[PDB]
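J.: return atomic coordinates for the entry below.
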Amino acid sequence: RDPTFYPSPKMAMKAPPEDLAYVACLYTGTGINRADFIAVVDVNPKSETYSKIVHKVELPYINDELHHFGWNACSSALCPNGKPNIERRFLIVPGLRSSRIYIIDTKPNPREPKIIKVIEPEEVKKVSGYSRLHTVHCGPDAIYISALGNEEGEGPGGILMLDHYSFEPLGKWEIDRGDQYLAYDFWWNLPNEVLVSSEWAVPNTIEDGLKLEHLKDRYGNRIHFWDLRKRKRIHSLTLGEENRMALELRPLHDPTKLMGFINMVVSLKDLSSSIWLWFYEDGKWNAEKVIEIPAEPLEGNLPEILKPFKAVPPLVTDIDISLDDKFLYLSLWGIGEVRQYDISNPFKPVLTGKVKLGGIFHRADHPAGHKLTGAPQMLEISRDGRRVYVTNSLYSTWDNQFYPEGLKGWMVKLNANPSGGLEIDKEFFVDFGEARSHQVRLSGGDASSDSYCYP
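T.: Numbers count the residues shown, from 1 in each chain. Please see the structure below:
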């Protein structure tokens, strides 16, 4: 058995720390004519190449727009229906713009992964009928990948599957989608057989940037609940009539818990961000707002898109939960923060940590001296829950609207306190030059790469 497969959250937490951090990096949107790439960062303090990019898996094409990626297999393989002879070996890297899928082998040398197979954009579109690939999740039965829209850039968007052995596209996952049309992220509670999916907007809406006039009719605010087995949409809930952009879905790691969180990026009423708790109770799926962060008034130094409001929206774009289900971390891509919320009681989160990094509001530089463009966006937590990695790019054209001076990628490390507390690690820092950084995957698995079948 693969030593990185963990039956449960508890077992995952007690496993050896991560030695490396794979980071999705891009030149898409920077004006630089170079391919996007996967950066290999040495993340072991005892290593002589600690906090250094030790290798770059440079891609064969330009403008893929790397964003989110995942493993071919993970802890879910230990599930009753988990397929035989699969190992956590390949990084499945899709192009959010190109729809291309790279299969990158991390063996036998994890420090120097190699592209061993490419699924071209037209094969992906031909088989699944979807384009603009986003989230990748390793399931017991197959590899699942969400897509923003249909082959024309409109909708419905959805989830496609890739074969565990050939890595070839199988097709659409949906058998009965009800009235689901928009998509973005998705995840599941495997033993309870339910899949949840969110909503951003279709490709033709988001690719050229955020158009405030599009918000009301072109962005979504619903979470969809599906029967994982029958591949059927069974229910949906609206997360505030006035909220838009239902992004990141995070079920609690303990599979006996039928709940999780999701972030609503912006309110059409006051530009606030809100975190919602979805949960099953009294034979029904429910959803309640548990966290709300208001915009911060500011008169000058505002980007064009924000000038009219004289405020900085928090723009909570990513969330992640520690393996013990004790902490909820949020990034505020607008204001410039990473927060830690104690969710011992999911219904009543308590702020226990906050750091300032970049941001239109804080413009906070790194304690070591580094100038930080952009703000915290994607986050990733070590399995032991003590380290939080942070990158700063959201999307090529959106970066350019909120940080018009030119967003340059970095990766920051935060030291999280198991009993409450968040600090910026002064020593650790990766500056990606003119390239921008997005999702991070830690060798051996992390807090958003694996789902478990045992409590």
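J.: can you list contacts of the helix or strand harbouring residue 319?
T.: Using DSSP states H and E, residue 319 maps to strand 316-321. Strand 316-321 is touched from outside by 247-248, 250, 252-253, 260-263, 265, 273-275, 293, 327-333, 343, 377-381, 388, 394, 447-448, with contacts defined as Cβ atoms under 8 Å, 6 or more residues apart in numbering. No exception for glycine: its C-beta is placed from N, CA and C like everyone else's.
J.: so who does residue 41 touch?
T.: By Cβ under 8 Å, 6+ apart, the neighbours of residue 41 are 20-23, 51-54, 411, 430.
J.: in JSON lines, list the residues you listed along with secondary structure and neighbour count.
T.: Below are those laid out as JSON lines (DSSP: H, G, I helix; E, B strand; the rest coil; neighbours: other Cβ atoms under 10 Å):
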{"residue": "20", "secondary structure": "strand", "neighbour count": "21"}
{"residue": "21", "secondary structure": "strand", "neighbour count": "26"}
{"residue": "22", "secondary structure": "strand", "neighbour count": "25"}
{"residue": "23", "secondary structure": "strand", "neighbour count": "28"}
{"residue": "51", "secondary structure": "coil", "neighbour count": "18"}
{"residue": "52", "secondary structure": "coil", "neighbour count": "13"}
{"residue": "53", "secondary structure": "strand", "neighbour count": "20"}
{"residue": "54", "secondary structure": "strand", "neighbour count": "14"}
{"residue": "411", "secondary structure": "strand", "neighbour count": "25"}
{"residue": "430", "secondary structure": "strand", "neighbour count": "21"}
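J.: do you know how far residue 366 is from residue 408?
T.: Shown here: residue 366 relative to residue 408, a distance of 13 Å by Cβ to Cβ, to the nearest Å.
J.: the more surrounded of the two?
T.: Between residue 366 and residue 408, residue 408 has the larger neighbour count (other Cβ atoms under 10 Å), namely 21 against 18.
J.: hang on, the earlier thing: show only the entries of the contacts of strand 316-321 found in strands.
T.: Members of the contacts of strand 316-321 lying in strands (criterion: DSSP state E): 247-248, 250, 260-263, 265, 273-275, 293, 327-332, 379-381, 388.
J.: quick check: PyMOL command selecting the buried ones in those residues.
T.: Of the ones in strands among the contacts of strand 316-321, the buried ones go into a single PyMOL selection, burial set by 16 or more other Cβ atoms under 10 Å:
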select buried, resi 247+248+250+260+261+262+263+265+273+274+275+293+327+328+329+330+331+332+379+380+381+388
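J.: for the stretch 1-150 of the chain, which segments count as strands?
T.: Ranges of strands in the stretch 1-150 of the chain, per DSSP state E, counting those that start in this stretch, are 20-26, 37-42, 53-58, 70-71, 90-94, 101-105, 114-119, 130-138, 143-150.
J.: do the stretch 351-455 of the chain as well
T.: Secondary structure of the stretch 351-455 of the chain by DSSP E, counting those that start in this stretch: the strands cover 379-381, 387-391, 410-416, 422-431, 436-442.
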